[PDB]
(Lines of atoms letter the chains of each structure in order from A and count residues from 1; the text may use other names and numbers.)
(Lines give C-alpha, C1' and ligand atoms only; values in the text may rest on other atoms or scores of the structure.)
Protein backbone atom coordinates (compact mmCIF):
# COMPACT_ATOMS: atom_id res chain seq x y z
CA UNK A 1 0.00 0.00 0.00
CA UNK A 2 1.28 3.47 -0.93
CA UNK A 3 2.92 5.55 1.81
CA UNK A 4 1.41 8.91 0.87
CA UNK A 5 -2.05 7.37 0.51
CA UNK A 6 -1.75 5.87 3.99
CA UNK A 7 -0.74 9.19 5.53
CA UNK A 8 -3.39 11.25 3.75
CA UNK A 9 -6.21 8.82 4.58
CA UNK A 10 -5.05 7.40 7.93
CA UNK A 11 -8.05 6.05 9.83
CA UNK A 12 -8.38 4.02 13.02
CA UNK A 13 -10.84 1.18 13.56
CA UNK A 14 -12.68 0.33 16.77
CA UNK A 15 -14.54 -2.72 15.40
CA UNK A 16 -11.76 -5.31 15.52
CA UNK A 17 -11.79 -9.09 15.36
CA UNK A 18 -9.55 -12.09 14.91
CA UNK A 19 -7.13 -12.71 13.35
CA UNK A 20 -4.71 -10.44 15.18
CA UNK A 21 -1.44 -9.55 13.46
CA UNK A 22 0.95 -12.40 14.23
CA UNK A 23 4.52 -13.50 13.68
CA UNK A 24 6.47 -11.25 11.36
CA UNK A 25 3.46 -8.99 10.79
CA UNK A 26 3.41 -8.25 14.52
CA UNK A 27 7.18 -7.80 14.53
CA UNK A 28 6.77 -5.21 11.76
CA UNK A 29 4.25 -3.34 13.93
CA UNK A 30 6.61 -3.39 16.92
CA UNK A 31 9.59 -2.26 14.82
CA UNK A 32 7.59 0.67 13.44
CA UNK A 33 6.93 1.68 17.05
CA UNK A 34 10.68 1.51 17.74
CA UNK A 35 11.30 3.96 14.85
CA UNK A 36 9.45 6.83 16.59
CA UNK A 37 11.30 10.18 16.68
CA UNK A 38 13.35 10.25 19.83
CA UNK A 39 15.22 13.30 21.11
CA UNK A 40 18.61 12.13 22.35
CA UNK A 41 18.04 8.50 21.26
CA UNK A 42 16.84 7.61 24.74
CA UNK A 43 14.52 4.87 23.40
CA UNK A 44 12.01 5.80 26.14
CA UNK A 45 9.54 2.99 25.49
CA UNK A 46 8.30 -0.30 26.87
CA UNK A 47 5.66 -2.38 25.06
CA UNK A 48 3.38 -5.04 26.56
CA UNK A 49 1.74 -7.63 24.29
CA UNK A 50 -1.71 -8.63 25.58
CA UNK A 51 -3.33 -11.63 23.88
CA UNK A 52 -4.77 -15.09 24.60
CA UNK A 53 -5.00 -15.46 28.42
CA UNK A 54 -3.22 -12.11 28.70
CA UNK A 55 -6.56 -10.52 27.81
CA UNK A 56 -8.11 -12.15 30.87
CA UNK A 57 -5.24 -10.99 33.07
CA UNK A 58 -5.74 -7.50 31.58
CA UNK A 59 -9.46 -7.66 32.38
CA UNK A 60 -8.77 -8.53 36.01
CA UNK A 61 -6.19 -5.75 36.23
CA UNK A 62 -8.56 -3.11 34.87
CA UNK A 63 -11.37 -4.33 37.14
CA UNK A 64 -9.13 -3.95 40.18
CA UNK A 65 -8.08 -0.49 39.03
CA UNK A 66 -11.73 0.50 38.53
CA UNK A 67 -12.62 -0.68 42.05
CA UNK A 68 -9.55 0.98 43.52
CA UNK A 69 -10.62 4.21 41.81
CA UNK A 70 -14.06 3.93 43.41
CA UNK A 71 -15.86 3.66 40.10
CA UNK A 72 -19.52 2.71 39.99
CA UNK A 73 -20.83 -0.69 38.87
CA UNK A 74 -21.12 0.39 35.23
CA UNK A 75 -17.53 1.59 35.30
CA UNK A 76 -16.24 -1.66 36.79
CA UNK A 77 -18.22 -3.64 34.21
CA UNK A 78 -16.79 -1.57 31.34
CA UNK A 79 -13.24 -2.12 32.62
CA UNK A 80 -13.85 -5.88 32.88
CA UNK A 81 -15.14 -6.06 29.31
CA UNK A 82 -12.64 -3.64 27.76
CA UNK A 83 -9.94 -6.15 26.63
CA UNK A 84 -12.37 -8.34 24.71
CA UNK A 85 -13.00 -5.64 22.12
CA UNK A 86 -9.89 -6.77 20.18
CA UNK A 87 -7.80 -9.95 19.84
CA UNK A 88 -4.61 -8.01 20.62
CA UNK A 89 -3.72 -5.01 22.76
CA UNK A 90 -0.32 -3.36 23.05
CA UNK A 91 0.20 -1.21 26.12
CA UNK A 92 2.83 1.49 25.59
CA UNK A 93 4.68 2.90 28.58
CA UNK A 94 6.86 5.99 28.30
CA UNK A 95 9.95 4.83 30.23
CA UNK A 96 11.41 8.20 31.15
CA UNK A 97 14.78 9.27 32.50
CA UNK A 98 16.38 12.39 33.87
CA UNK A 99 18.37 14.06 31.01
CA UNK A 100 19.80 17.60 30.63
CA UNK A 101 18.58 18.38 27.11
CA UNK A 102 15.41 16.23 26.95
CA UNK A 103 12.40 17.24 29.06
CA UNK A 104 10.15 14.45 30.26
CA UNK A 105 7.28 15.55 27.98
CA UNK A 106 9.39 14.91 24.87
CA UNK A 107 10.11 11.35 25.99
CA UNK A 108 6.40 10.87 26.66
CA UNK A 109 5.74 12.36 23.22
CA UNK A 110 8.12 9.86 21.59
CA UNK A 111 6.18 6.99 23.20
CA UNK A 112 2.93 8.50 21.95
CA UNK A 113 4.35 8.61 18.42
CA UNK A 114 5.25 4.93 18.77
CA UNK A 115 1.55 4.18 19.34
CA UNK A 116 0.52 5.92 16.16
CA UNK A 117 3.36 4.37 14.12
CA UNK A 118 2.21 0.96 15.37
CA UNK A 119 -1.39 1.67 14.33
CA UNK A 120 -0.21 2.74 10.89
CA UNK A 121 1.99 -0.35 10.50
CA UNK A 122 -1.10 -2.46 11.24
CA UNK A 123 -3.12 -0.47 8.68
CA UNK A 124 -0.32 -0.88 6.12
CA UNK A 125 -0.65 -4.67 6.44
CA UNK A 126 -4.44 -4.95 6.11
CA UNK A 127 -5.07 -4.80 9.86
CA UNK A 128 -6.06 -1.79 11.91
CA UNK A 129 -6.27 -0.53 15.46
CA UNK A 130 -7.42 2.20 17.78
CA UNK A 131 -5.38 4.12 20.37
CA UNK A 132 -7.36 4.17 23.64
CA UNK A 133 -6.54 5.64 27.02
CA UNK A 134 -9.17 6.54 29.61
CA UNK A 135 -8.87 7.30 33.32
CA UNK A 136 -7.27 3.97 34.17
CA UNK A 137 -3.98 4.98 32.53
CA UNK A 138 -3.44 6.85 35.85
CA UNK A 139 -4.66 4.03 38.09
CA UNK A 140 -1.97 3.00 40.59
CA UNK A 141 -3.07 -0.63 40.28
CA UNK A 142 -2.89 -0.50 36.48
CA UNK A 143 0.39 1.42 36.41
CA UNK A 144 1.90 -1.21 38.72
CA UNK A 145 0.70 -4.02 36.47
CA UNK A 146 2.73 -2.43 33.67
CA UNK A 147 5.83 -1.92 35.87
CA UNK A 148 5.60 1.89 35.84
CA UNK A 149 8.04 3.79 37.98
CA UNK A 150 6.97 7.17 39.36
CA UNK A 151 8.46 8.96 36.34
CA UNK A 152 6.95 6.56 33.75
CA UNK A 153 3.58 7.03 32.06
CA UNK A 154 1.06 4.77 30.33
CA UNK A 155 0.51 6.63 27.06
CA UNK A 156 -1.93 4.22 25.45
CA UNK A 157 -3.64 0.88 25.11
CA UNK A 158 -3.45 0.15 21.36
CA UNK A 159 -6.22 -2.26 20.39
CA UNK A 160 -5.36 -4.19 17.22
CA UNK A 161 -6.94 -6.74 14.93
CA UNK A 162 -8.66 -7.32 11.63
CA UNK A 163 -11.20 -4.54 11.06
CA UNK A 164 -14.77 -5.39 10.06
CA UNK A 165 -14.67 -2.59 7.51
CA UNK A 166 -11.91 -1.94 5.02
CA UNK A 167 -10.46 1.48 5.79
CA UNK A 168 -12.62 3.91 3.83
CA UNK A 169 -11.02 5.60 0.83
CA UNK A 170 -14.10 7.41 -0.52
CA UNK A 171 -13.95 10.29 2.00
CA UNK A 172 -12.24 13.44 0.74
CA UNK A 173 -8.92 14.78 2.01
CA UNK A 174 -9.00 17.19 4.99
CA UNK A 175 -9.09 20.97 4.51
CA UNK A 176 -6.59 23.36 6.04
CA UNK A 177 -7.69 27.00 6.46
CA UNK A 178 -8.93 26.82 10.09
CA UNK A 179 -5.63 25.21 11.10
CA UNK A 180 -2.77 26.58 8.95
CA UNK A 181 -1.27 30.08 9.10
CA UNK A 182 1.54 31.75 7.18
CA UNK A 183 3.93 33.08 9.84
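Positions refer to the first chain, counted from 1.
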Mean temperature factor over C-alpha atoms, higher-scoring stretch between 173 to 181 and 3 to 11: 173 to 181
Which is higher in the entry, the mean Cα B factor of 23 to 31 or that of 136 to 144? 23 to 31
Comparing recorded Cα B-factors across 152, 68, 38, 52, which one is largest? 52
Max C-alpha B-factor within the set 101, 80, 104, 95 falls on 101
Compare the C-alpha B factor of residue 125 with those of the other modelled residues in its chain, then answer lowest, middle or highest third. highest
